[PDB]
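**Student:** Could you have a look at this structure, given as structure tokens, before my questions?
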Amino acid sequence: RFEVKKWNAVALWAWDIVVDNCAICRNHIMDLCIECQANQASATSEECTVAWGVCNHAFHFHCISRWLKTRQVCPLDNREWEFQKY
Amino acid sequence: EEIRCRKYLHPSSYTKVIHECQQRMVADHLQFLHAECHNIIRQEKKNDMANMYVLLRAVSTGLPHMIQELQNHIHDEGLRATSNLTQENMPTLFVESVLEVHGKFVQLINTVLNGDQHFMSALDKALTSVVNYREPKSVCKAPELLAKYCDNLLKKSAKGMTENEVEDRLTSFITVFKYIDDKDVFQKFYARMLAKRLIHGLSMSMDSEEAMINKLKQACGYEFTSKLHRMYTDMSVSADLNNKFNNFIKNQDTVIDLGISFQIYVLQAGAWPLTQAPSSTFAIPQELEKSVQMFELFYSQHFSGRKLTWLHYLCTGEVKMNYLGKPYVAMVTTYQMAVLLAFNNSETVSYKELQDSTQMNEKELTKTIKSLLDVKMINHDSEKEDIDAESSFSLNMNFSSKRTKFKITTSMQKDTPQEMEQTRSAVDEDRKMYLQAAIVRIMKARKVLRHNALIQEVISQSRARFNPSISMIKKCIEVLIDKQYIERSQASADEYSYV
Amino acid sequence: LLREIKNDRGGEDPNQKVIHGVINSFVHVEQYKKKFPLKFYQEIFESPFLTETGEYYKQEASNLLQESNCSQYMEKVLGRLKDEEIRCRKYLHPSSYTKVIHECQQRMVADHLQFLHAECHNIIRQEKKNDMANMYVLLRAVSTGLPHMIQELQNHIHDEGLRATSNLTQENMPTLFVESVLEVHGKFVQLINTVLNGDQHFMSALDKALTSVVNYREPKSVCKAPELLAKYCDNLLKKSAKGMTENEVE
Ligand SMILES: [Zn+2]
Ligand SMILES: [Zn+2]
Ligand SMILES: [Zn+2]
């Protein structure tokens, strides 16, 4: 019997962003968010607005709201997050 | 004569009388002084050196020959003190010899030579030629020696040197490092060794590594140690990242019971010299999959927009040897961990079984099996001891050694010629890239150039990092020609034209 | 004649002297015409040839997208573009050198601008110095190919510059801010000197992006860049006991 404990693991993080893709959903910005992907029948597919910051980054409104609920920093660039468009 | 001119003549003619006296007593007999320069410098007569220096500074064209003689003497002394070195402690001996030569000659210049800037420049040139002791038909071994020196001081060891000893030894070492050309090789070698020290925990203290990185930044620039500081930052914030991951898994809506403790070391991909260029598809063992999926979910949540590549060869774990009555707990690599878990699946194993279970490449699997039989963790029940398609072994029941933890395989030192050749090849590729960048930039600035002028200005521009061999400039020019980014004149290859 | 040229595009080598002799015959006949001495050559051969290579490279471009991604598709197009310069040199009149190559670009790169620009984001962001080099020469020939790589490179610099000068240590903000933009400027002037031909179309995109990461105002705050750069000069122009020789300071 060989149980395993204390896995010291090393990984390389790299910037992987797709054009016109939500950085939290990892799907298209124009589609519904991963929170609105569930219960799609009840969702009206209108509340998922594409929010843009002063850094010209596109996110889903639900994703960026849940992000700002804990971290006030944009994920793609480590900057304080604003809103400019709807 | 100065006293007599002061007591007799006008104060406005003090310098003319002394100048005429020196131009008819010292400047006239210049050949005798330049002949005795060699003897005085080589046998190092302090008072005679000062007396010669004052007069040769007074004469318009007497100083430079003494400068050349001192430069040649320092070069000969450095060659005599840095080429007849041993092989057991070559980096430390090389650095200490260069420090001793530099210290004694700075003392000589500041004491019996008035600390002239020309002589300090000559000493710097002589020490630069000494440390760049290119053995014929070979490569310069100095950057590797300094990298090994840095690794030896900054690694935790049993020597007993405190933090202040590391600090002032590295502060002295910076003087040796400043004379070192081909700094790209040293940068890559120190990046590799710093990566090994940070990952494997061999660093004695993070403060010493930060201080050494800051010293190199002051000595060369922020662009020299940008990657090094990124590595240090990613290994310092890793504690906070692991704490955040633990807080995430302890605050999940559904309680998760993963039976492994983590010390995750997520690193930046663009800064560390590591790679996944080995094409081995290790996948994962069964027990690690749930928790690695949990960590990938956490990283997708708390650090969104980035994907992480798992360097399976640099990971490590602790397998409890609960088979033969718990002798100890073995510190292994995930390749060996997967092999041992495959043995835990069934007491009989095979090379085909390991191939279909761990999915590793044949070379890596053979290397791990060799390292396992070297530490006699396995018993090698098959007859042949070389590479085999049988690979039948359960376990060596005599492996009940006293130590509570064993490193059944080692990767800290290594320094195989393959990795050194790969590092030098990456150095050459970056050198070609920087050389062609310099070519395009300086011929955009000039727009009209010849061979010799372009070579000289490119050598001068590149001197902050390396001395560029003309064949490399020719190769990058040919690359730019083939990629139709440059078009030299069709009348002759000497003249050049923009685009 | 087109069949023995399409045979050359198929890999096999026909007789170069025979084909070039016949092609030159269509213009050597007209050598005694004062007005339009190439009208016969531009109607009998060149107009059918441009139509033939128009429907061949269009068929070739659609045949390359089936088994090649954008990284190696431009490697294959540059192979065809380089060969077509060689092929039309030894087969056609020198007056038709530009028309054949330009029409080849109108079927391999200009007809696939939607495909190349869609994959142009992944090329710039991952900094593939080989794929970005091949993408540049393809999009440079087309009139409207460049203004999407220029915008996509500016977006990358605006995002790389913003990441570099971000969460800087409060103790050494004036020094870290200047070296971070200089690192981004130094790195992204190298990629527009080797990968790109020092283009003022591209170097302005670097300038247009770096001026937006230096002047990045915090929300409900004022831009701190003029204050940081003022303290950077004051830090180094003071009496620096930590070395800082006058040659190194300059
Ligand atoms: Zn989303
Ligand atoms: Zn939604
Ligand atoms: Zn942002």
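As shown in the structure tokens, the chain order sets the letters A, B, ...; within each chain, residues go from 1, and ligands are also counted from 1 in the order they appear.
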Could you tell me, counting only C-alpha atoms and all ligand atoms, which protein and nucleic acid residues lie no more than 12 Å from ligand 2, written as JSON, numbers by chain?
**Tutor:** {"A": [22, 24, 25, 29, 30, 31, 32, 33, 34, 35, 36, 37, 38, 39, 40, 42, 43, 44, 45, 46, 47, 48, 49, 50, 51, 59, 60, 61, 62, 63, 64, 65, 66]}
**Student:** Within chain A, find each residue whose DSSP state, derived from the backbone, is alpha helix (DSSP H), and express the selection as a PyMOL selection string.
**Tutor:** chain A and resi 34-37+61-68
**Student:** Once you have the residues from the selection above, write them out as a compact mmCIF listing (two decimals), in the first residue's frame, restricted to N, CA and C atoms.
**Tutor:**
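As written to disk, selection07.txt reads:
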```txt
# COMPACT_ATOMS: atom_id res chain seq x y z
N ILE A 34 -21.49 32.30 -17.40
CA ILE A 34 -21.51 30.96 -16.83
C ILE A 34 -22.50 30.86 -15.67
N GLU A 35 -22.83 31.98 -15.02
CA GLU A 35 -23.91 31.97 -14.04
C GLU A 35 -25.27 31.97 -14.72
N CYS A 36 -25.39 32.65 -15.86
CA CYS A 36 -26.62 32.66 -16.63
C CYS A 36 -26.70 31.52 -17.64
N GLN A 37 -25.62 30.77 -17.84
CA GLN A 37 -25.70 29.58 -18.68
C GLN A 37 -26.62 28.54 -18.05
N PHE A 61 -21.21 41.25 -17.18
CA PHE A 61 -21.59 42.07 -16.03
C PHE A 61 -21.70 41.23 -14.77
N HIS A 62 -22.26 40.02 -14.88
CA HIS A 62 -22.36 39.14 -13.71
C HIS A 62 -20.98 38.71 -13.24
N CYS A 63 -20.09 38.35 -14.17
CA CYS A 63 -18.75 37.91 -13.80
C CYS A 63 -17.96 39.05 -13.17
N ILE A 64 -18.02 40.24 -13.75
CA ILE A 64 -17.25 41.35 -13.20
C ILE A 64 -17.86 41.82 -11.89
N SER A 65 -19.17 41.64 -11.70
CA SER A 65 -19.78 41.99 -10.42
C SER A 65 -19.35 41.02 -9.33
N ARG A 66 -19.37 39.72 -9.63
CA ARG A 66 -18.88 38.73 -8.67
C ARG A 66 -17.39 38.89 -8.41
N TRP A 67 -16.65 39.38 -9.41
CA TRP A 67 -15.23 39.67 -9.21
C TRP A 67 -15.04 40.85 -8.27
N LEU A 68 -15.76 41.95 -8.52
CA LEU A 68 -15.65 43.14 -7.68
C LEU A 68 -16.21 42.93 -6.29
```
**Student:** Tell me, counting only C-alpha atoms, for each residue of chain C within 7 Å of chain A, which pair of atoms is nearest and how far apart they are in Å to one decimal, in rows ordered by chain and increasing number, as JSON lines.
**Tutor:**
```
{"residue": "C:121", "atom": "CA", "partner": "A:19", "partner_atom": "CA", "distance": 6.3}
{"residue": "C:159", "atom": "CA", "partner": "A:77", "partner_atom": "CA", "distance": 6.4}
{"residue": "C:162", "atom": "CA", "partner": "A:77", "partner_atom": "CA", "distance": 6.1}
{"residue": "C:163", "atom": "CA", "partner": "A:77", "partner_atom": "CA", "distance": 5.0}
{"residue": "C:166", "atom": "CA", "partner": "A:78", "partner_atom": "CA", "distance": 5.7}
{"residue": "C:167", "atom": "CA", "partner": "A:78", "partner_atom": "CA", "distance": 6.9}
{"residue": "C:218", "atom": "CA", "partner": "A:80", "partner_atom": "CA", "distance": 6.7}
{"residue": "C:219", "atom": "CA", "partner": "A:82", "partner_atom": "CA", "distance": 6.6}
```
**Student:** Find the spatial neighbours of range 441-449 of chain B, counting only C-alpha atoms, within a cut-off of 7 Å - ignore same-chain residues fewer than 3 positions away - and output them as a list in words.
**Tutor:** residues 437, 438, 453, 454, 495, 496, 497 and 498 of chain B; 193 of chain C
**Student:** Store the residues of this selection in a file with C-alpha atoms, as a PDB file, in the first residue's frame.
**Tutor:**
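Just written: out_0.pdb:
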```
ATOM      1  CA  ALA B 437      17.746  44.162 -33.875  1.00  0.00           C
ATOM      2  CA  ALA B 438      20.872  46.299 -33.510  1.00  0.00           C
ATOM      3  CA  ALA B 453      31.925  50.850 -39.824  1.00  0.00           C
ATOM      4  CA  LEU B 454      28.820  48.710 -39.249  1.00  0.00           C
ATOM      5  CA  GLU B 495      27.076  49.512 -49.414  1.00  0.00           C
ATOM      6  CA  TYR B 496      23.676  49.043 -47.778  1.00  0.00           C
ATOM      7  CA  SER B 497      20.178  50.401 -48.374  1.00  0.00           C
ATOM      8  CA  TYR B 498      17.084  50.687 -46.182  1.00  0.00           C
TER       9      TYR B 498
ATOM     10  CA  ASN C 193      12.844  46.031 -35.495  1.00  0.00           C
TER      11      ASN C 193
END
```
**Student:** Counting only C-alpha atoms, which of B:392, B:98, B:310, B:413 gets nearest to residue 82 in chain B?
**Tutor:**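 Among the listed residues, B:98 lies closest to residue 82 in chain B.
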**Student:** Rounded to one decimal in Å, what is the spacing between CA of residue 116 in chain C and CA of residue 85 in chain C?
**Tutor:**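 Going from CA of residue 116 in chain C over to CA of residue 85 in chain C covers 22.3 Å.
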**Student:** What are the residues of chain B lining chain A at 7 Å or less? Count only C-alpha atoms, and put the answer as a PyMOL selection string.
**Tutor:** chain B and resi 259-269+301+303-311+314-323+341+344
**Student:** Select, from C:154, C:175, C:17, C:181, the residue with the minimum atom-to-atom distance to residue 203 in chain C, counting only C-alpha atoms.
**Tutor:**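 Residue with the minimum atom-to-atom distance to residue 203 in chain C: C:154.
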**Student:** Dump as a list in words the residues of chain C that approach chain B to within 9 Å, counting only C-alpha atoms.
**Tutor:**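 On the chain C side, the interface is residues 133, 134, 137, 176, 179, 180, 182, 183, 186, 189, 190, 191, 192, 193, 194, 195, 196, 197, 198, 243 and 244 of chain C.
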**Student:** Within 7 Å of residue 342 in chain B, counting only C-alpha atoms, which residues show up once you throw out same-chain ones fewer than 3 positions away? Write them as a list in words, please.
**Tutor:**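 That gives residues 338, 339, 345, 346, 354 and 357 of chain B.
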**Student:** Which polymer residues have any atom within 10 Å of an atom of residue 141 in chain C, counting only C-alpha atoms, with same-chain residues fewer than 4 positions away left out, as an mmCIF file with N, CA and C atoms, in the first residue's frame?
**Tutor:**
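Final output, around-v3.cif:
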```
data_model
loop_
_atom_site.group_PDB
_atom_site.id
_atom_site.type_symbol
_atom_site.label_atom_id
_atom_site.label_comp_id
_atom_site.auth_asym_id
_atom_site.auth_seq_id
_atom_site.Cartn_x
_atom_site.Cartn_y
_atom_site.Cartn_z
ATOM 1 N N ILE C 101 2.087 38.636 -59.454
ATOM 2 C CA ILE C 101 2.287 38.550 -58.009
ATOM 3 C C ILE C 101 1.157 39.247 -57.265
ATOM 4 N N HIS C 102 0.728 40.413 -57.757
ATOM 5 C CA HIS C 102 -0.378 41.118 -57.119
ATOM 6 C C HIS C 102 -1.673 40.324 -57.217
ATOM 7 N N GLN C 105 -1.595 37.514 -54.686
ATOM 8 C CA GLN C 105 -1.944 37.979 -53.348
ATOM 9 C C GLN C 105 -3.442 38.207 -53.207
ATOM 10 N N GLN C 106 -4.119 38.584 -54.291
ATOM 11 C CA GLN C 106 -5.558 38.797 -54.226
ATOM 12 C C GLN C 106 -6.346 37.502 -54.079
ATOM 13 N N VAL C 109 -3.945 35.785 -49.813
ATOM 14 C CA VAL C 109 -3.942 36.557 -48.579
ATOM 15 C C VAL C 109 -5.075 37.576 -48.538
ATOM 16 N N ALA C 110 -5.370 38.234 -49.660
ATOM 17 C CA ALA C 110 -6.421 39.247 -49.659
ATOM 18 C C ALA C 110 -7.813 38.635 -49.603
ATOM 19 N N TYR C 136 3.196 39.569 -41.180
ATOM 20 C CA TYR C 136 3.420 40.961 -41.551
ATOM 21 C C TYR C 136 3.583 41.120 -43.059
ATOM 22 N N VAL C 137 4.413 40.277 -43.680
ATOM 23 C CA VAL C 137 4.653 40.407 -45.115
ATOM 24 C C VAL C 137 3.412 40.040 -45.917
ATOM 25 N N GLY C 145 -4.874 45.099 -44.866
ATOM 26 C CA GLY C 145 -4.469 44.020 -43.986
ATOM 27 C C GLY C 145 -3.785 44.502 -42.723
ATOM 28 N N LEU C 146 -2.892 45.479 -42.870
ATOM 29 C CA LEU C 146 -2.155 46.006 -41.723
ATOM 30 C C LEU C 146 -3.010 46.649 -40.629
#
```
**Student:** Quick one: residues within 12 Å of residue 103 in chain C, only C-alpha atoms counted, chain neighbours fewer than 3 positions away excluded, as a list in words?
**Tutor:**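 Skipping anything fewer than 3 positions along the chain leaves residues 46, 47, 49, 50, 51, 52, 53, 54, 55, 56, 57, 58, 81, 84, 85, 96, 97, 98, 99, 100, 106, 107, 108, 109, 110, 111, 141 and 142 of chain C.
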**Student:** Would you export the selected residues with C-alpha atoms as a PDB file, in the first residue's frame, please?
**Tutor:**
```
ATOM      1  CA  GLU C  46      -1.582  37.584 -70.167  1.00  0.00           C
ATOM      2  CA  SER C  47      -5.340  38.050 -69.792  1.00  0.00           C
ATOM      3  CA  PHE C  49      -2.958  33.710 -67.796  1.00  0.00           C
ATOM      4  CA  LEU C  50      -4.219  36.041 -65.058  1.00  0.00           C
ATOM      5  CA  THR C  51      -7.630  34.371 -65.247  1.00  0.00           C
ATOM      6  CA  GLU C  52      -5.937  30.960 -65.120  1.00  0.00           C
ATOM      7  CA  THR C  53      -3.767  31.797 -62.110  1.00  0.00           C
ATOM      8  CA  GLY C  54      -6.731  33.582 -60.533  1.00  0.00           C
ATOM      9  CA  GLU C  55      -8.809  30.397 -60.483  1.00  0.00           C
ATOM     10  CA  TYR C  56      -5.803  28.207 -59.621  1.00  0.00           C
ATOM     11  CA  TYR C  57      -4.447  30.014 -56.557  1.00  0.00           C
ATOM     12  CA  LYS C  58      -8.008  30.517 -55.318  1.00  0.00           C
ATOM     13  CA  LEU C  81       4.710  33.787 -53.270  1.00  0.00           C
ATOM     14  CA  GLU C  84       5.770  32.677 -58.117  1.00  0.00           C
ATOM     15  CA  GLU C  85       8.302  35.519 -58.205  1.00  0.00           C
ATOM     16  CA  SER C  96       3.937  41.109 -66.176  1.00  0.00           C
ATOM     17  CA  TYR C  97       6.049  40.555 -63.047  1.00  0.00           C
ATOM     18  CA  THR C  98       3.944  42.841 -60.847  1.00  0.00           C
ATOM     19  CA  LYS C  99       0.528  41.849 -62.217  1.00  0.00           C
ATOM     20  CA  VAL C 100       0.954  38.120 -61.556  1.00  0.00           C
ATOM     21  CA  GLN C 106      -5.558  38.797 -54.226  1.00  0.00           C
ATOM     22  CA  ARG C 107      -6.369  35.064 -54.028  1.00  0.00           C
ATOM     23  CA  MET C 108      -4.189  33.751 -51.172  1.00  0.00           C
ATOM     24  CA  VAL C 109      -3.942  36.557 -48.579  1.00  0.00           C
ATOM     25  CA  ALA C 110      -6.421  39.247 -49.659  1.00  0.00           C
ATOM     26  CA  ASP C 111      -9.271  36.741 -50.036  1.00  0.00           C
ATOM     27  CA  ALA C 141       0.889  43.600 -49.580  1.00  0.00           C
ATOM     28  CA  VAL C 142      -2.868  43.921 -49.047  1.00  0.00           C
TER      29      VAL C 142
END
```
**Student:** Determine, counting only C-alpha atoms, which protein, DNA and RNA residues have an atom within 9 Å of an atom of range 19-24 of chain C; residues of the same chain fewer than 2 positions away are not included. Present the result as a PDB file with N, CA and C atoms, in the first residue's frame.
**Tutor:**
```
ATOM      1  N   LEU C   1       0.028  26.409 -73.159  1.00  0.00           N
ATOM      2  CA  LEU C   1       1.004  27.249 -72.475  1.00  0.00           C
ATOM      3  C   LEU C   1       0.683  27.348 -70.992  1.00  0.00           C
ATOM      4  N   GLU C   4       1.363  23.899 -69.454  1.00  0.00           N
ATOM      5  CA  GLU C   4       2.772  23.695 -69.149  1.00  0.00           C
ATOM      6  C   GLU C   4       3.298  24.686 -68.119  1.00  0.00           C
ATOM      7  N   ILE C   5       2.499  25.675 -67.730  1.00  0.00           N
ATOM      8  CA  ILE C   5       2.813  26.495 -66.565  1.00  0.00           C
ATOM      9  C   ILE C   5       2.161  25.924 -65.313  1.00  0.00           C
ATOM     10  N   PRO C  14       9.034  21.680 -66.657  1.00  0.00           N
ATOM     11  CA  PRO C  14       9.064  21.633 -68.120  1.00  0.00           C
ATOM     12  C   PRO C  14      10.244  22.445 -68.645  1.00  0.00           C
ATOM     13  N   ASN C  15      10.325  22.545 -69.969  1.00  0.00           N
ATOM     14  CA  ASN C  15      11.426  23.262 -70.600  1.00  0.00           C
ATOM     15  C   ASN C  15      11.242  24.763 -70.422  1.00  0.00           C
ATOM     16  N   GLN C  16      12.224  25.410 -69.793  1.00  0.00           N
ATOM     17  CA  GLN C  16      12.142  26.848 -69.560  1.00  0.00           C
ATOM     18  C   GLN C  16      12.431  27.642 -70.827  1.00  0.00           C
ATOM     19  N   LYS C  17      13.376  27.173 -71.647  1.00  0.00           N
ATOM     20  CA  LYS C  17      13.728  27.891 -72.867  1.00  0.00           C
ATOM     21  C   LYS C  17      12.583  27.874 -73.873  1.00  0.00           C
ATOM     22  N   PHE C  26       5.148  36.412 -78.376  1.00  0.00           N
ATOM     23  CA  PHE C  26       3.945  37.238 -78.384  1.00  0.00           C
ATOM     24  C   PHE C  26       4.256  38.723 -78.259  1.00  0.00           C
ATOM     25  N   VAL C  27       5.461  39.080 -77.821  1.00  0.00           N
ATOM     26  CA  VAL C  27       5.859  40.477 -77.728  1.00  0.00           C
ATOM     27  C   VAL C  27       6.941  40.847 -78.742  1.00  0.00           C
ATOM     28  N   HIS C  28       7.714  39.881 -79.244  1.00  0.00           N
ATOM     29  CA  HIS C  28       8.709  40.179 -80.267  1.00  0.00           C
ATOM     30  C   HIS C  28       8.074  40.408 -81.631  1.00  0.00           C
ATOM     31  N   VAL C  29       6.899  39.828 -81.879  1.00  0.00           N
ATOM     32  CA  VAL C  29       6.152  40.134 -83.096  1.00  0.00           C
ATOM     33  C   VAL C  29       5.762  41.605 -83.126  1.00  0.00           C
ATOM     34  N   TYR C  41       0.348  40.877 -76.536  1.00  0.00           N
ATOM     35  CA  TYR C  41       0.778  40.028 -75.431  1.00  0.00           C
ATOM     36  C   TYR C  41      -0.171  40.121 -74.244  1.00  0.00           C
ATOM     37  N   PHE C  45      -2.216  36.190 -74.290  1.00  0.00           N
ATOM     38  CA  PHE C  45      -1.653  35.343 -73.248  1.00  0.00           C
ATOM     39  C   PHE C  45      -1.908  35.850 -71.837  1.00  0.00           C
ATOM     40  N   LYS C  90      11.200  33.625 -65.066  1.00  0.00           N
ATOM     41  CA  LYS C  90      11.799  32.850 -66.140  1.00  0.00           C
ATOM     42  C   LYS C  90      10.796  32.398 -67.192  1.00  0.00           C
ATOM     43  N   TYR C  91       9.515  32.719 -67.030  1.00  0.00           N
ATOM     44  CA  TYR C  91       8.488  32.281 -67.965  1.00  0.00           C
ATOM     45  C   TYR C  91       7.777  33.414 -68.685  1.00  0.00           C
ATOM     46  N   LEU C  92       7.720  34.607 -68.106  1.00  0.00           N
ATOM     47  CA  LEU C  92       6.898  35.684 -68.633  1.00  0.00           C
ATOM     48  C   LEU C  92       7.748  36.898 -68.983  1.00  0.00           C
ATOM     49  N   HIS C  93       7.103  37.853 -69.646  1.00  0.00           N
ATOM     50  CA  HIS C  93       7.720  39.136 -69.924  1.00  0.00           C
ATOM     51  C   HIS C  93       7.936  39.899 -68.617  1.00  0.00           C
TER      52      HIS C  93
END
```
**Student:** Give me, as a list in words, the residues of range 24-77 of chain A that a backbone DSSP run labels strand (DSSP E or B).
**Tutor:**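 Taking range 24-77 of chain A and keeping strand (DSSP E or B) only, one gets residues 28, 50, 51, 52, 58, 59, 60 and 73 of chain A.
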**Student:** Generate a file of the selected residues that holds C-alpha atoms, formatted as an mmCIF file, in the first residue's frame.
**Tutor:**
```cif
data_model
loop_
_atom_site.group_PDB
_atom_site.id
_atom_site.type_symbol
_atom_site.label_atom_id
_atom_site.label_comp_id
_atom_site.auth_asym_id
_atom_site.auth_seq_id
_atom_site.Cartn_x
_atom_site.Cartn_y
_atom_site.Cartn_z
ATOM 1 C CA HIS A 28 -17.751 34.138 -25.842
ATOM 2 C CA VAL A 50 -20.725 43.389 -22.066
ATOM 3 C CA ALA A 51 -19.001 45.658 -19.550
ATOM 4 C CA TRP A 52 -15.916 47.586 -20.661
ATOM 5 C CA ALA A 58 -14.575 43.203 -22.133
ATOM 6 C CA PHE A 59 -16.261 41.142 -19.418
ATOM 7 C CA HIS A 60 -19.700 39.885 -18.501
ATOM 8 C CA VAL A 73 -8.713 44.648 -9.439
#
```
**Student:** What gap, in Å, lies between CA of residue 174 in chain B and CA of residue 472 in chain B?
**Tutor:**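 These two atoms are separated by 28.9 Å.
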